[PDB]
Each structure stands twice: as C-alpha cells, then as structure tokens.
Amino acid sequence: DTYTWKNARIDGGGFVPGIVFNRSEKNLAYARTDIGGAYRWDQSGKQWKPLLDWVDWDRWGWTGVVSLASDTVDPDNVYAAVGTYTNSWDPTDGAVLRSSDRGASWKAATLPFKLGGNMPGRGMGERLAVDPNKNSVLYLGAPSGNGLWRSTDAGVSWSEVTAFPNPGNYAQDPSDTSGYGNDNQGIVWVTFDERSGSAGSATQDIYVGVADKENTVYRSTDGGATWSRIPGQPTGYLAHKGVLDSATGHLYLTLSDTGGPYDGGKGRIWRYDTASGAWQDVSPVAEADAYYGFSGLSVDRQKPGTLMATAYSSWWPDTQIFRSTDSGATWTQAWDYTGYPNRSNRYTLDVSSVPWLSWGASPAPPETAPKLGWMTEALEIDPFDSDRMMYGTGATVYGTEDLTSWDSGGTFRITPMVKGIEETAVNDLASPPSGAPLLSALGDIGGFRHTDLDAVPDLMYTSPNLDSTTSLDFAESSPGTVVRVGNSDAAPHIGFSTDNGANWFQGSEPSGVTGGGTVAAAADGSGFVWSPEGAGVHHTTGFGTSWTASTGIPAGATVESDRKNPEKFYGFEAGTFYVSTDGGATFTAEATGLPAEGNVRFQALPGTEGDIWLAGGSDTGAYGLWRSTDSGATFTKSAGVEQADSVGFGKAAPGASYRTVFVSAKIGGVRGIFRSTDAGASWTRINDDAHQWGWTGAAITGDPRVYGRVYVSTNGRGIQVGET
C-alpha cells in the first residue's frame, strides 16, 4: 500500500525540559524534548503534534532540542536549536532550524560546533532568543567554550559575539573522560527587556545567563555591542533561568548549585531591580533549609507581581512548587507538612488518563503515588490565562486549568497534559501469535503489555518493576510464557510471566549482574538462556529458580532462541555466530566473518528451524543483511542491501510462500524502513521522508496476525506502528 504511521499509545514517558507559550497569540505553544524532537500544542484536541519526525538516520543528532523560541512579533515563526551530544557520541554539528509556518516545514542553518540537547544542563534556558522588537535579530548561547552567538538575518546565518566576555566554565562531572559530563555548559539563557526597544529597532537591554558560579549573569544596555557582569549579583550558584516582570521592572533568577537537570542540592531566588540596580533575596526558604536547586521560573504576564518557581531537584518526598503574588516578598507552596509525616496539598492530582504514572507504588506518607513530579525545570503560566499552567517532569507534562484557586485558598486540579508527546526510547519489541498484539521493552518506564495499540496501558511491568527493559522474549509455541530482563539499582533483573505478560514473578539470578543484557525463551517455554551485563551466559530449566553457566560462548554475547526447536539457542559476539543444541548448556562457534564491530540484531524465523536473518555492522566496517538456513553454520550476505540494522518478521502476504520480512536499512542509496514479501529477493520502502525518526536501529518486528503491520523502534519517539 501506501502506509500510515501512528504511535502505540503511551502518552509521554520522557523528560520535557522546556515549554514555550507565544507572548502575542493566545493558545500558541510548543514543547522541546532532549531526544525526541519538538511539539506544537493543539488546543482543540488538548494534545501535542510532533514537528521533527523528518529528521533522518544520518542526522539523528538533530532530534535533541536544547532550545526553542516562538516569535512574539510574527507568531508564524518558530526556531529550534538542535544537536544531542558535544562529544564523540553525536557525529554531527548542531544547527538552528527555522520555520515560518509554525513547524510544518523547516530550513537548517548548520553551526560549526555541536549542541547538547541530551547533555547535562539541558533544563536551563531558553538560550535561543528572538529580539521582541526587531525580530531579524536572534541570540544563541553555546557550549564547550563557543560563547555567545548571534544572527542578524532571521536565523539564516550565525557568528560569534566576540565582545561577550565569558564563555562559561562550569562542568557537571569534571572527572568524566567520556565527554558526557565534563563539558563546559557555556551560555545557558538569553532574555530581552522589550521595553528597551521599539518596532523595527533593536532591543537595547539584553540579559544573559552564564554557567559560571562567580559570574552567572551579564547584560548589555547598548543592543549587544558591549557587555558587563551585573554588579551585586549573587555568587556560588548557576542561574537556571532569568525572567523579567516588565510591569514591575524586576528580573528574577532561579539559582542552583548545579546545572541540572538531575542534581541540585542548594538554591536561592534573587531579584534585580532593572531601574535602580538593587538586588534582593526573594527565596521561598532560607539557604540552610534549601536542599535542592530552584528552576521552573514563570511570571504571570496578565498579573504583575505574580510568579512561580520550582524545587526542580527535590527528589523526596516530592518536587515542590512555589507561588508569590507580591514579587517574591512572600510565598506559599503546593504542599506542606502538617505535623510530619502528615501532609496537606493545595491540589488534587488525577492521572486516570495516564494511569501508569502511579508507578505501581504504594508509599507511606508523606510520599504520594503518583508524585507531584520530579526534574521540574520547566514550569509555565499561560500568558493569556492566569488559570492555566503547565510543567514538565522526567516522565510527563502536567497542567491545571483552575490555577487561581490557589490564591482563593481552595484546591486546584492537576492532570496530565501530555497526549501526543511520545518520547520513549525502545529497546525491544515482540508481537506474539496469540494474546496481546505487542509487548514493548523501554527505557525509564520499563515497558508494557499493549492490549490496545490506541489506548494507554494501565501499568508498566511490575514484580519486578525494572527501570528499563533491555530484552524480552516469548515461547513461540506457548506465548503465554514471557521473559524480560533489564536494569535496576537492585536485583532482581529478570521477570517471568505465564499469562502473556499480564502478571509477573521474579527469577533468581547469578551473582554479579549489573544490567539486563539479552534473554531468550525456549520454543516450548521449558527453559531460558540469559546473557546479562556483568556476568557470563547462563541457562535454566524452569523459570530461573537456579542458573548454570553456559560453556563455549563469550560473556556479553547477544542471545536468541530458535522458534521451532526448543533445545536450540543462538549467540553472536564480535563477528562469530554460536549455536547450542542442548538448551543453552553448551555452545559451539559456527559462522565467522560477520561484522566484528558495530551493532548486530538477529532473529530466527517463526515456523522454520535454523532459518536466521542477521542485520548489522557499522559505517566504518562490514555492514549489511545476512541469512542462514543451516542453523548458523553458514551465512550469505544479501546483494540487495547495503546496510541493515534491525530485522524482523510478520504474517505472509496473500499467496506468498514466505513470511514478510521488515528491516531498518539502507537499500539502493536510501535509508528507511523496508518490506520484502519474496524472502529478500526484492524490497519496498514503507516509510517516507516525513516519517523517519532518526535512529531506528534497536528493534523491528512484523505482526504474525496482521499482514503488512510493522512495529518500529525509535530513540525518543516511542513505538511507531505502520499499517497498510
């Protein structure tokens, strides 16, 4: 057919570091994510629409969005600063993407440096800003010593503001040699005082946040020609945000002892009088009582003197949200102790639309399930409705529509406002021939038995509730039997089910397991092979009540089961394929000369013993698609596929003699998702240029019950379901 694409519905699942309301047009808003692109708000549907699904495999780094700006002068314009890592993990430089149709189409201005959409400090901002009087002028705060950058042609071209005196010097984790935690977080927000410009004339007063505990805020009063450190400013902290109440003339800084978004153990809120230069400590709590940093800063644009902030890094018992209606002289908070451990809330929290946010937890007071939140760097009051606010957490977007009930001494209602955001990273996917259509393995929220692809599942896997599921499998001939492995701070790292994943019980494990690795289920459900991180390959008869070390197979090998012969298991490591014919007790080395470097994914064919498809490799070594029909003794490399990364199967086409094969691959010079109904003799692309989703290499499977349907992994855009 032509294909249509949709998410298997989950609602959220990831960190939303920034939410942006346009300051001139009611109900125009956007959200940015750290690995999953950017979204525009749909008021009529109370949902979000993805804007960057066109970002392709070779430019996957552009799915990280470190900043977004919505033009107040011309609300049709929106800009996004993109790029994911500044170390070797992201091979492409950053860019500023520009749109003049609210994100429907984009052009890219590539920068000569990398950006950090998924790096420490990504919750600070916004560091991309448009001049609110002369909207051809934009600024971008840059990391890694690149300083402050500027465009004077509406984002088409960029150069460094060499007069800016401080490129930053703060790093989260200086001992890190990987480049992930030791980067200079640089310039972290830019805020204009729109009172200091006029239509078509550059705004003269510009405020800039810098990741430097001794010099965290600078300003210009001559339109960015010269810059100076603001005298009298607080020291010892990083300003996560700088927001100006133009009605009272006060600039507010929410400060933290770290760059966030995960850490922060101390904080203040300080206030600067832009007319007199006075500084005042307006913190909601005393320095000695702040065990967290502040962020989540927002001013009510319709109510001068009203503002809010968050304890963004308060992990226990909950996050905290503060509100002042007198410019920070006095505050109240969303919840209080009323004689510890008892607590009183100014809100009710209702997650019936996203029930898994309970986390399956049953905490004692003062902790609640669900929680008010965590990692709350983003909090925004609707500039056109004092009764609405939205805030981001590490798993969702929450909001309320009766916020001013707070001031009345009443109770306001908080619900998810996240529908449409699909932000999970997918590790594995399985579609069994009976039971639910899909079992997913996900980062951060474990994964789900999806009984309905169009409905939010009630709860993630529990007993155990793993942070991330790295691998799952089902018994081909007995799909009631399922196994999953994954990551957690504590053992157990493995769970079993005999009711198709609806309910679970833990397995035991060998000592030294540090992560899930991969797991495989015997075709008859009688036993399992587990290749964990931190320990070697083990096998078990029964539901992992004890494990025995497998011989003849390298630690860390990728393991799979035959789908027909319950005694036959497979392994792959460093270019060598391994086979076991005794339930995983002993392996022998078989085919060699497979990719020695790079990711590999492989799966055996439902219905046929010893028919194996194997995809993988890398840009700098062997790369392609291989097939064996002799249980891995020999493989043939497909002449039709230049590169391939994931491979999986679904129901045969009408009249076809072989199951349908799906791959994420590069075929005939084109990266995409492809389908074959003639056992790989020919291929058809089934996605398109608008539906690419960056790195789709983790997993793919068809559906044994539905011809043409495919489930595709993404790294930040959830589970993509393609249907003809």
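Numbers for residues come from their place in the sequence shown, where the first is 1.
Q: Taking the mean of the C-alpha B-factors per stretch from the entry, tell me the winner out of 267-275 and 341-349.
A: The stretch with the larger mean CA B-factor is 341-349.
(Q) Please compare 549-557 with 352-360 and name the stretch with the higher mean C-alpha B-factor in the deposited structure. (A) On average, C-alpha B-factors are higher across 549-557.
Q) Considering only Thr415, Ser497, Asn118, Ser463, which residue's Cα atom bears the greatest B-factor as recorded? A) Comparing C-alpha B-factors across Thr415, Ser497, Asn118, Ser463, the top value belongs to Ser463.
Q) Can you tell me which of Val285, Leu244, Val397, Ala604 has the highest Cα temperature factor in the record? A) Of the candidates given, the C-alpha B-factor peaks at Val285.
Q. Looking at the C-alpha B-factor of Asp53, is it in the lowest, middle or highest third of its chain?
A. Lowest third of the chain for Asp53's C-alpha B-factor.
Q) Going by the entry, which third of its chain does the Cα temperature factor of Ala639 land in? A) For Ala639, whose C-alpha B-factor we compare with every modelled residue in the chain, the answer is the middle third.
Q.
Where does the C-alpha B-factor of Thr310 rank in its chain, lowest, middle or highest third?
A. It falls in the bottom third of the chain.
Q. Among the modelled residues of its chain, does the C-alpha B-factor of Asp42 lie in the lowest, middle or highest third?
A. It falls in the middle third of the chain.
Q. How does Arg563 rank on Cα B-factor within its chain, lowest, middle or highest third?
A. Middle third.
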